[PDB]
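So the chains spell out like this:
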Amino acid sequence: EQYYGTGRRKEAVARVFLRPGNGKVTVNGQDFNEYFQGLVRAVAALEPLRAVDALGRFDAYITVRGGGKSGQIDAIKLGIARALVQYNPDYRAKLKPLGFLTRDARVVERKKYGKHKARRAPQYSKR
Amino acid sequence: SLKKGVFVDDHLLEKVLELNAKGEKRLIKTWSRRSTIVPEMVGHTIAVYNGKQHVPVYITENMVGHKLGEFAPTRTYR
Amino acid sequence: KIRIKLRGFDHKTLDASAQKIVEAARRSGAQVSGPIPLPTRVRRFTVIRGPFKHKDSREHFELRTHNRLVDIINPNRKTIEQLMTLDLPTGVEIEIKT
Amino acid sequence: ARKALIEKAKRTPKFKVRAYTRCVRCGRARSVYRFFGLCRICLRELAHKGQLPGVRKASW
Amino acid sequence: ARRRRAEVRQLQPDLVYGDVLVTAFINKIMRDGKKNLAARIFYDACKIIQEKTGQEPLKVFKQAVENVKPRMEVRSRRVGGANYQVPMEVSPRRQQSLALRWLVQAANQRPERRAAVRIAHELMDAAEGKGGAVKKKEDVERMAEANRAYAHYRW
Amino acid sequence: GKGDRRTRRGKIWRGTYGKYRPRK
Amino acid sequence: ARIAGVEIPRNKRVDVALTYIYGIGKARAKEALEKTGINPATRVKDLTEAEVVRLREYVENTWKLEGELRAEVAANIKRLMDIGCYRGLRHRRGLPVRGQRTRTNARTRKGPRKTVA
RNA sequence: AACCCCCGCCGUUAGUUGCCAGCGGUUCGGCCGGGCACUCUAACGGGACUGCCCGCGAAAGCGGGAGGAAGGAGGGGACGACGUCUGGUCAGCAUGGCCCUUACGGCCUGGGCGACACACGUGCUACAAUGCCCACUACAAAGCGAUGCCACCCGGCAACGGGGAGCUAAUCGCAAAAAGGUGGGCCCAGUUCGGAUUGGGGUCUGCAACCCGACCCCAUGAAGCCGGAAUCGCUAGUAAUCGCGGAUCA
Ligand SMILES: [Mg+2]
Ligand SMILES: [Mg+2]
Ligand SMILES: [Zn+2]
């Protein structure tokens, strides 16, 4: 019945409980268009829905926690992907080449000692 | 700031009380530049130390709310 | 009903003592929730290497203080004697309460 | 004044604002961690030796 | 690097129109890592475009960046111990880079108060054939044909 | 102004609260 | 209108207008409006004649201000001067009262940099 | 190089963290029952080996692609050889020699490392409309706390004080992450930009805040409208930028 998938990025997890229906999307309560306001990445998270050709035909319910505001969006992005692919093996043959199934290894690194920001070193000098 | 009970040393008040108890001189080599000047103590001369020596700084009406250190140099040429 | 705390450093020694209790309590009494690991509180200490001036190449350690929880329900007399005699702790300061 | 000072640090005759921290091992005046009660120097020395329980090499 | 050429950074295509060139422009506008801010600021001008002229902001953007695309430029180079101002064709990427860049600066040059209106008016003059960024382009191309003598060292 | 001794982020940078910054 | 005796903060926010008044600032500006029921948004260019004398006379007679305030500031300094407290001698040479970094900057009171070397 | 630690894909093991994902009740707070699937909490193991397909080659290897969470060391850490610099440190400590011994040792009060006509280094805060103020609203991680972290209530404009619950603490607490987001004021001004300097009054620590602490509220509102010669940082979650914690310690 339902389409589940796990979302995660920058320690921002996001459960994805999808249920075929209309288009009403709830995430941690509230509404999708309600929670994300004035952000273009919002409609970008629904990209997997536009790839499958079924924008308005599914009621979503995501539980995203931790991480930043945007990290949640990327979490929902990959989360929705695993949800729709869970009940669709052929949709992986067109969601994968488009690049979706990846935790995005890109993550902040440790601020190294002696330095200031893991890389930026204090102004070199000799005077 | 010490708003609850103005700060000051006991031997300061003690030594200065006998000075008012009969109206003696004023000579008094102190070592507590941290204390606050007592009001009725006007007209006396506290020899305040400052690492170097005892400064014969006089006293009056205006100089009261301030410390004893306020009127005693701790550095040369100042 | 009863709850046991198993604080300690080395998780290798903590795993042996924790698993030991699990076998002893279950194999000789009612139900017992397995070893429940908690967020390990760590004391990260950073510091300089050289004695004099060297605000770089500094070295730092960390104090691993592990935590493991185990809950026994029905107070069995067999489990009380088992844990009272058959025990092999060491660097594992345990604390138990009702 | 090194010896007489390490003794004065444990004295605490007058007010508490003189019972400053003082390393036990090599008796350092500063860089004294309260937890270990040692200085940063003698701290690392022991750590390498393994005389510091639970104190493993930090790496992440 | 001395070894590899280092491949370009394939950026994410536009999230509203569907075009990488647009998003790249947002990045140039992006101050202190505020994409969503710069994005809106860009789309603000897009609406200002339709306010003035009934033209789509999409092609209005292409026309501008196209007319500010430097065809050639002079580059310094040593020869035995002397620098020659040798002109020659630019790389398509760099042309796109400079174009998008100059426009952003040309907007800053304007007296306009709000950033959007600055980007708005600038995109108009750019698409037209005469603007702050455009003239800076015309300037560079002059240097090329000017030093055309030293163009013998094409390298 | 991260330096204004009388603003929002004014006390925030100074790790304090006071009047202009809400406090319990 | 000539509010504080001579000062005339015309054509602008009423609250800000009082900020230009010596001895009056952002805080004391809001206080006058909350004690006379004046909207901070409205300009001085369009106010009632009653409100003029109203707000003007209020702040005027209420607390100290203007040069007479500035006279008190120097007055206390005459007191730190007549004897010479550590605070006063700093005003003598122009040094800061906080005993800050004189070995470096502190140009705010020491004036421009007199290189000379 | 490779074995060990952190972050990435997944599983096994343990379910008082979280969970109407499933159902019912519900003062609708996962609160009750209930459940371990999920998230997570750590613990063990798996996976990536130019392994597979195609081109080049004698080989090693290189190049393009599929599978895959991740390809040609995946990102990061720890690891810094023989030697080098008469490099640093007798003031961490050890230590040969040297020198003093009613003082080159020891205790105390006060002063002093904070002294300023000047110059250099590393920094912080700005010069503002991609911006500044007010009100309202939302998403972190990591770490720390029983004579310590203080929920929350009363008071004061305020720092903060009086009362007082929880907490040897994934269960209580510092705690509001900030930037962002919504609506509003500002209209280019030495400015609601900028916050140095200075006057008056207050709170906390501490025997004790003149020298010489910190933070409040009122006023004061200086230079600077992006900086000469020259010069520094970093190739991706990096630069820039915006926050929180910890050691230290009254
Ligand atoms: Mg798992
Ligand atoms: Mg006043
Ligand atoms: Zn020591």
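Up top is the structure these notes are about.
Conventions used here
- Residues numbered from 1 in each chain as written, not as in the entry; some residues may be left out.
- Chains lettered and ligands numbered in written order.
- Part of a larger assembly, values for the part shown.
- Heavy atoms only, no water.
- Helix = DSSP H or I, 4+ residues; strand = E, 2+ residues; numbered from the N terminus.
- Rg over C-alpha atoms; globule rule 2.2 N^0.38 Å.
- Buried < 20%, exposed > 50% of the residue type's maximum accessible area, 1.4 Å probe, protein only.
- Contact = heavy atoms within 4.5 Å.
- Areas by Shrake-Rupley, 256 points an atom, 1.4 Å probe, with all protein chains shown as cover.
- Buried area = accessible area lost by both parts, 1.4 Å probe.
- Salt bridge = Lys/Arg side-chain N within 4 Å of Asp/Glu carboxyl O.
- 1 Å grid on protein atoms, 1.4 Å probe; cavity = no way out; pocket = protein on both sides within 12 Å on 5 of 7 lines; lining within 4 Å.
- Points joined across faces, edges and corners; volume = space filled by probe spheres on them.
- Nonpolar A, V, L, I, M, F, W, Y, C, P; charged D, E, K, R; others polar.
- Core = buried A, V, L, I, M, F, W, Y, C linked by side-chain atoms within 4.5 Å.
- Expected span 1.5 Å × (residues − 1).

> Could you give an account of the overall build of chain D, with specific residues and numbers?
Counting secondary structure elements, chain D contains two helices and one strand. The N-to-C order of helical and strand elements in chain D reads α-α-β. Rg of the C-alpha trace for chain D: 14 Å, well past the compact-globule value of 10 Å for 60 residues, more than 25% over. Referenced to the eigenvectors of the C-alpha coordinate spread, the extents of chain D come out at roughly 45 × 20 × 15 Å. Among the 60 residues that make up chain D, the fraction classed as buried is 32%. Intrachain contacts of chain D at a sequence separation of at least 6 include 0% that bridge at least 24 residues. Roughly 4,800 Å² of accessible area belongs to chain D as shown, and the carbon and sulfur atoms make up 53% of that amount.

> I'd like to hear about the arrangement of the chains, residue by residue, with values.
Ranking the six pairs of chains in contact by contact count places chains C and D at the top. At the C-alpha level, the nearest point of chain B lies 32 Å from chain C, with no contact between them. When C-alpha atoms are compared, chain E and chain F, though not in contact, are closest at a spacing of 16 Å.

> So what's going on with the interface of chain C and chain D? Residues and values would help.
In this complex, chain C contributes 16 residues to the contact, which on the side of chain D involves 16 residues. For the pair chain C and chain D, the two sides together bury roughly 1,600 Å², of which 65% comes from carbon and sulfur. It is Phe45(C), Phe61(C) and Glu62(C) in chain C that bury the most area against chain D; as a group they hold 36% of the surface buried on that side. The interface formed by chain C and chain D contains one salt bridge. With its nearest N and O atoms 3.3 Å apart, the salt bridge here joins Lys57(D) to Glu59(C).

> For the layout of surface pockets, give the residues involved together with the corresponding values.
Space inside the largest pocket adds up to approximately 1,800 Å³. Considering the residues around the largest pocket, the lining is formed by 47 residues, among which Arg41(A), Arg106(A), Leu11(E), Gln12(E) and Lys35(E) are closest to the centre. Broken down by element, the residue count for the lining of the largest pocket peaks at seven residues, all from helix α4 (residues 69–86) of chain A. Looking at the lining of the largest pocket residue by residue, the classes come out as 19 nonpolar, eleven polar and 17 charged. The calculated volume of the second largest pocket comes to roughly 400 Å³. Taken together, 19 residues form the lining of the second largest pocket, with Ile4(C), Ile21(C), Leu83(C), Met84(C) and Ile96(C) sitting closest to its centre. Here the lining of the second largest pocket gets four residues from one element, more than from any other, and that element is helix α2 (residues 77–85) of chain C. Looking at side-chain class alone, the lining of the second largest pocket contains 13 nonpolar, four polar and two charged residues.

> Before we move on, could you go through the nonpolar core and cite the residues and values that matter?
Counting 33 residues, the largest nonpolar core has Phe25(E), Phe42(E), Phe61(E), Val68(E), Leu100(E) and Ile119(E) as the members making the most contacts within it. Elements represented by at least two residues in this core include exactly α1 (20–29), α2 (35–52), α3 (57–67), α4 (92–109), α5 (115–128) and α6 (132–146) of chain E. Setting aside its immediate chain neighbours within four residues, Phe25(E) contacts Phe42(E), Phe61(E), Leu100(E), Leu103(E), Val104(E) and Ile119(E). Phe32(A), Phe36(A), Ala60(A) and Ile76(A) belong to the second largest nonpolar core, which has 29 residues in total.

> Help me get a handle on helix α1 (residues 11–26) of chain C, residues and values and all.
With 16 residues, α1(C) extends 22 Å between its outermost C-alpha atoms, agreeing within 8% with the 22 Å of an ideal straight helix rising 1.5 Å per residue. As for α1(C), its buried residues are in contact with β1 (2–6), β2 (32–37), β5 (68–72) and α2 of chain C.

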